[PDB]
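Protein sequence lines correspond, in order, to chains A and B. By the deposited numbering, the letter at position 9 of the first sequence is numbered 9, and the numbering carries on one by one without gaps. By the deposited numbering, the letter at position 29 of the second sequence is numbered 29, and the numbering carries on one by one without gaps. Even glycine gets a Cβ: it sits at the ideal position worked out from N, Cα and C.
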Amino acid sequence: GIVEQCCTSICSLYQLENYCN
Amino acid sequence: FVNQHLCXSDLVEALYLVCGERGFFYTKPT
């Protein structure tokens with residue numbers, strides 16, 4: 001749910017840069 | 001950083017600045 005906790009809530013850029021791929 | 005609110009338009013806009021040409025591809029279906 002990268003979009004869930006991020007769109008339906010808040011998240012951390014750290015886990016966001018983990019998608020660099 | 002600011003509240004990490006990302007929704008499609010921002011989701012990609014985020015990985016875009018967070019990753020950029022590094023190659024970012026968020027999910028959606030899974």
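Practice problem: Note down the Cα distance separating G23 (chain B) from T8 (chain A), rounded to an integer number of angstroms. | Solution: Their Cα atoms are separated by approximately 24 angstroms.
Quiz item: Under 7 angstroms Cβ-Cβ, which residues of chain A neighbour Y26 (chain B)?
Solution: Close partners of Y26 (chain B) in chain A (Cβ separation under 7 angstroms): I2, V3, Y19.
Practice problem: Report the option in A:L13, A:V3, A:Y19 whose CA atom is closest to the CA atom of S9 (chain B). | Solution: Of A:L13, A:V3, A:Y19, the residue nearest in Cα terms is A:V3.
Practice problem: Assign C20 (chain A) to one of three DSSP states: helix, strand, or coil. | Solution: In this structure, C20 (chain A) counts as strand in the three-state DSSP scheme.
Practice problem: Rounded to whole angstroms, what's the CA-CA distance from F1 (chain B) to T30 (chain B)? Just pull it up for me. | Solution: CA-to-CA, the gap between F1 (chain B) and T30 (chain B) works out to about 27 angstroms.
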